[PDB]
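We've got the same protein chain twice here, in two forms, each standing alone as C-alpha cells: structure 1 and structure 2.
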Structure 1
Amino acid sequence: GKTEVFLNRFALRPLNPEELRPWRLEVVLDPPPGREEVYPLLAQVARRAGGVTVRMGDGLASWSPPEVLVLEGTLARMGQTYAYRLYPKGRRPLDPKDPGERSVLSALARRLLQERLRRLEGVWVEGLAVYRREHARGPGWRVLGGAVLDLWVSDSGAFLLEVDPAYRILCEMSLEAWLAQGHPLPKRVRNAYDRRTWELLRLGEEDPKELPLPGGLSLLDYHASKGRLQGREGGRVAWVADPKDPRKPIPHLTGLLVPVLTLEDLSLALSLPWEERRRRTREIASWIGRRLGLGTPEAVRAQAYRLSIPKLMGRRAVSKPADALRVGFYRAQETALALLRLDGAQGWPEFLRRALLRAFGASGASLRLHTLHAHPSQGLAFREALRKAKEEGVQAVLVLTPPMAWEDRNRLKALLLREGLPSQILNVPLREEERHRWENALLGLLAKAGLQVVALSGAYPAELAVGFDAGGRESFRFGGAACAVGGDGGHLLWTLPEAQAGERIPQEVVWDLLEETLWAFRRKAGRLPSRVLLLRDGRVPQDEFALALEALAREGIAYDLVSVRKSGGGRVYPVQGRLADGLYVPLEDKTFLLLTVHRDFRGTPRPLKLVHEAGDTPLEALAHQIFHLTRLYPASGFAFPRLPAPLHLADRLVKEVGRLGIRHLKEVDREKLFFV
C-alpha cells in the first residue's frame, strides 16, 4: 500500500552565487607531515584557518576570502609543532550535481551551521546541538530542551536542515555542594578545571594535606601549585578509578570535582510522542531558518510503502511469542529444566510449574522438572552437583534469586556455563499476577534450553540470515555472528566469537563465522542455501566482506550484504493519518529507511537506515525480509526488537562474551541461546 511521509528535513534557500564559487587554498606544512598524520593534520588546519573552511582534496575550500583567514600559523599535534602556510589558489565554481563537489558544498554547509550557531544568544550551544529553554529543574540540576541539527546541500543546490529535538542534563554544582544536599555519590564525576571525567569510587576521608602523591607533593598543594584552589575550597578526598589502570585508584578532591548527571541521579520522562516531536521540529526549523538567514523551511516528502504484516507461528498462529506459552511452541522437544533457589525457600513455585506443564502439554512434548539442592557458596562440590544435573539430562536452569550485583551475577552465569548449563535469572520478590515478567523469564529459560518458540511463515529470497556485530569495552573486542536458518527461521544459532583489536572484523574471521552458519544450515537442511542474507550492524568497514563474498561465490551461494545502521536514519512522520509499523522508505541509490517497530504511547520511533552494499535482490524484498525477521525474536514475549533477529542475537552474544569471557563456552550447545 502506497503512502507518503515527511522526513525531519527541511529545504531552505538556494546557495547564493558566492557560496557556489568557494575559494581554494593549498596547504604547506613545515615540516611535512607523515603518512599517518597527514589527513588529520589537514583537518586541523581547516579549523585553525578560521572563517568557514573545510578540507578539499589535498587542500582547503572556504566560504571566506583568504584575507580574513588565518593563513600563517602553528599547529600542535601529539607533541609536535608544525608551522602552516596557506596559499590562495583562486575561486572555482562547484556543481551540486557532481556528488563530490556537492560533498564539499555539504561539508561547508555543516561548518556554516556550527559557526553561525556560535553567534546565537541567549541559548546553550554545544557544537551542532542548541538548547533554547528550560524543561525541568531541581536542587542543583536542570534539564534544557533544544535540538540536534545538521546542514547540507541538495543536488539542486539549496540548503537542507535536519532537526531533531533533544534534552540536555546540566549540573551547576561542585561535588561538595551536591553531596551536602543529601544526594548519594554519582557514578561519574568531572574535573572542575577541565573536560576530563572519572568514575567515582568512594570518599576517602584522610587528610588531603598529608596524602602523598606519586612524586612527593600532597594532594592539596599539588592542586594548589596548579592554581586550582584559587577561587574554591578543596573539600574532602575522593577516590576515582584510573581510566587507564583498573587496579590503581587515583586520589582527588570533592571541591574540584563536579557530578555528571544521568537519569539515575535525579520521575520526568524525556521521550516525545511523534506528533509533539514533529511540532517542535517544525518550530525549531523555522526559528533556525530565520535566525541564520537561511529562509523559510519547506518540509521534505518521501514516498513510503507499507510492508505486509508477518505471520508468526507457534504450534499454530500467534501474535506474540508469549502466546506460544498457551498455544504451544513451533518445535517442541523432550526437555529437562532445573530450579536453583538462592532465596532460602523450597521447591518450584506452583504457577511457574503449571505454566511450563501447560506449554509442554499444548506442544505435545514431555517436560522434566529438577531441583538443584546444592548452593554455589559451596565452591567445587556445587560444580559436582551441576555435573550430576547435566548428566541427568538437565538443559537449562532457572535461578530464583534476590537482585544480584553485576559481579555476582556474572560469576554465577559463568560457573553454570562452564558445565554447559545456560541460566535464566528471575528476581525473588515474585507475585503470580506479575505475569509479563515471569512469562518473559519462562521464554528466556526455554530459548536457553534450545526450544524454538516461534517461526515465520512467509516466502523470503534468502533461507539463511546472519548478523554480525562487535562487543566489549576493553582494549580489544569480540566479533561475533548469529543466524536464523531455514526459510522460516526455524532454527536460531550462535557461533563462537573471536577476539579482535577493534570494531573491524578480520576478513578470515568473517568468512570463518559465516562458514559455521553455512555448516549449521547444512546439518539442518542436508544441503547448501541458495542465497544468504548478510546483516552487518553499523557500517561495513572497507573490504571487510571481500573474502567472505568470494568464498560464497566459489560455493555457488548468492548473497546480499546489508549495512544496518541504528542511528543516522533521521525521523519519519506520516503526512496524513496514523503512524503505522513496517514502513519502507527508499532514498538515494542503494539506501533506504525502515521503520520496524512502533506502537501508540511510545516515544517517536527511530527508523533503521539500511545500505545495500552488495547483491542484486530488489530493495523492497530486502526490506520485507529484514522487517519480518524483526519478529522472529523468541525471548521478548510482548514487544518485537527494532533490529532483525540475527542482529539482535549477535549483539547480545558479543555483549555477554564481553561481560563473562569466552573461556566458559566450550560445552554450551550452539542451539542454546545463553545470552538472551
Structure 2
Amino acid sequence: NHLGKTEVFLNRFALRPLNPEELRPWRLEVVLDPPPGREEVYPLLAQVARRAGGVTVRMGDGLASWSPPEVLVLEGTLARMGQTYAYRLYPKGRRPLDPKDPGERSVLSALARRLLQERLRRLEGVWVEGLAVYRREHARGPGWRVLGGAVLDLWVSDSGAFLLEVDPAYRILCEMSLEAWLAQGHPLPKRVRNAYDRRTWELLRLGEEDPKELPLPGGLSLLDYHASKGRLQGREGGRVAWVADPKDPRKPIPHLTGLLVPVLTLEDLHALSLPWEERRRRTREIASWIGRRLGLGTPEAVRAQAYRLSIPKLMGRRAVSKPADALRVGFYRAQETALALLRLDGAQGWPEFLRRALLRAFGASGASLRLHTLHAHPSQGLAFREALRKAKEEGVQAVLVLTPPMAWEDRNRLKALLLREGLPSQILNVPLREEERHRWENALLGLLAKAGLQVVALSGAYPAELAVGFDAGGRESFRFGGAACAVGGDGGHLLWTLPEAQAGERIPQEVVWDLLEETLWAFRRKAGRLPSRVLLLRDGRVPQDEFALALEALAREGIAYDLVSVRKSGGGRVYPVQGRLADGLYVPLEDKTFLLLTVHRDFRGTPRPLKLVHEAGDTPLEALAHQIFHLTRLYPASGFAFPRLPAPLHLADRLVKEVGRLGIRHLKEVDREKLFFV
C-alpha cells in the first residue's frame, strides 16, 4: 500500500490440532436443590464445576468435562448466597463440539486452560500461581530473591488447534523476618506480613517498648499473647514494631518484629525491563520448553504481516518535533491571555526564567500576555476566595501554584478551591532551579493547556474531522463516564465534557449520546457546520449495543461514523523477525481486529501493543490505524514523550480520574477548552 511492509512474530504458538476425544467431551446436566434464581444459576454452575473436581468447565445450563464421570464428585453440597444447595450431576454422554463456532470455541478454550492449570500443578519443582509459572532465579541477595518465569495461556483456534500464549514475568519474594531484615542495614519497609498467616500490615514506627511487659487487653502481654498462640516456637520474638491495619486509618497495633516479614515492591530495590531482544529470546526458550513438558507437540511461533505508518508531522506556529518546541516556535492557535502566580512557600514574586521563557513564547505566537501575582494564603479562609474572585474579574484565566510538595488531601482541597472559581491550576514544587529544564518546561505546557491555548496540531489528511474518546473512572463503588475530544481536520481545538455518575463501567445509551452531542455542537461552534464523519473511541471493550442509540442518532443527522474498541491489554506482544523495533507499527489480524504499536523507545523495555476492534462503521482499517497513531502525538501536556493512548482517550481517562478525585461540583464555572486535569 502507501505504507511499507515487514514481518513480525506474536507471542503466540501453534500446537497440535485437537484430536476427537478432545472434541467430544463429556456433557453433564446439573441439578440443584433447591433451584437457583436467574442471576445466581450461571455462577453456581461454576461453583459446581470446581466442587465437581477433575477437569470440568461450565457449559450452557450444564457442565463440560475432559474427565470421565467416574472420577468426579457427582453428589455434594455448595454453600453460596447463605443457602446450602445440594447438587447432583447427571452424565449425558459425550458430544462433538465445533471449533469454527465462537461459543463452542469459547468452551474448548476454557477446557484447555483448565487442562493447562491442572498440568502445571503437577510440575516440580517450579512455582505455580494460577496461569503463571516461575522457573529460575534472575536475581538474589542477602535474604531475598527474584524468580523468573512466564505467564501462560492456552486456547483453541477457529481452525481447531491448540494455541499457547507466553510472556516472561517476574516474582519478588523475601522470606526473612522484619528483625533480621533490619538487622542487615536495610531500612524499614512500606509493607509487612504475618509470618504465621497472610494478613498484611502497613508498618510504621519501630518502637522502644518492651514485651513481656507491654500490656494487651485481657491481663496478657504481647509476648505471652503470641506465645500462647505458639508462634514463638520456630521464630524468636523481636523489638516492638508498630502496625496500622491496611483498611483502618492510622490506628496503631503492637506487634513483634520476630513475627513480621517485609513485603517487597519495586520501590524497595535500591532489570525487570528486559530490552525487547532479550524478552523475545526468553519467550522462545520458555515456549519450547512448555511444549516439551506438555503432550502438545512442537511449538511453532506465529507470524503476521506488519506495516509502518507514515510519521506524523507535528505543528506549532511552524514545523515541530516535540510539543516542548512550541515554547520556542509558537503555538498553532494563540489568544489574549492572563496568568497568575501563587507562592505558598513564603517566597515573593515571579521566578525570572519562567517569565523569560513564556514571554519569549507569546512573543513568537504574536499574542499579548499579562502576568499577575496573587497575594493571599489559603489559610486566610474566605478572604482567599475573595481574592480569587477578584483575580478572575481582572481577566485572569489560569493559576500557577509554587509550593513545597503537598499531601494528596491538601493538594485536592487546593486544586478544587481554585476550580470553583474557574481557575485550573498547575502545581510545580519548590526547590526547582533553572537547570532542571525538563520539569518546569512540562509544567509550563500544562499551564498553557489549562488556560486553553492550543500549543500543537497535525498536518496530515485524515478520514474523520472529529475524534472523541470515552472512559469511566473513580473508585468509590460508582464511576464517572466521561468524554474528551479533538476538533477539526487539524485537531485545532481540544475540549472536555462534564462526566456523569454511573453504577459501573457501562455508560448508559442516552449518556453516550449526550456527551457525543456536546462534542458535535462544539464542532458546530468552531467550523460552522456538522462533521462529515466522526471517529468514536471507547477505552476498553464496547459493551453490547452501548452505542446503539448514539449510532442511530448519528445516522439520522446524515453523519458518518466509526466505532473503535481500543484495548490496552490483551493485545499481546510483537517482535520483528529481523529488523529494529520501530514505532508506529500496524498489524492486521482477523477480519475486524488489528494491533497498533504506537509508542516505543529503547530505554523503556518491551512495548505493549494496543488491540483495536472496528465495532461499527465503514472506513478502511489502515486509515483508522493511521489516524489513531497520529492522534497519539497531539497530547500538549507531555513535552518529551508521546502517550501510548491517542489524545482523546488519554484526556478522557485523565478527566474522569480528576473528577473521581475532586468531585464534579466545582466545575460549574470552568470553561470546557481548559484542560484542568493534566
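Please note that residue numbering is based on structure 1, beginning with 1 at the start of its sequence. Note that the rigid core is defined as the largest set of C-alphas that superpose within 1.5 Å between two forms.
Checking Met313, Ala177, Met404, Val428 for C-alpha shifts of 2 Å or more between structures 1 and 2, after the rigid core is superposed, gives a single hit: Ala177. After superposition on the rigid core, displacement of the C-alpha of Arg13 between structures 1 and 2 amounts to 2 Å or more. When the rigid core is held fixed, the Cα atom of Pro243 travels 2 angstroms or more between structures 1 and 2. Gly444: CA moves less than 2 Å between structures 1 and 2 after rigid-core fitting. The shift recorded for the CA atom of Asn191 between structures 1 and 2 is 7.0 Å, with superposition on the rigid core. Superposed on the core, the two forms differ at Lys388, whose C-alpha moves 1.0 Å between structures 1 and 2. With both forms fitted on their core, the C-alpha atom of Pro212 sits 13.6 Å from where it sits in the other form; this compares the forms between structures 1 and 2.
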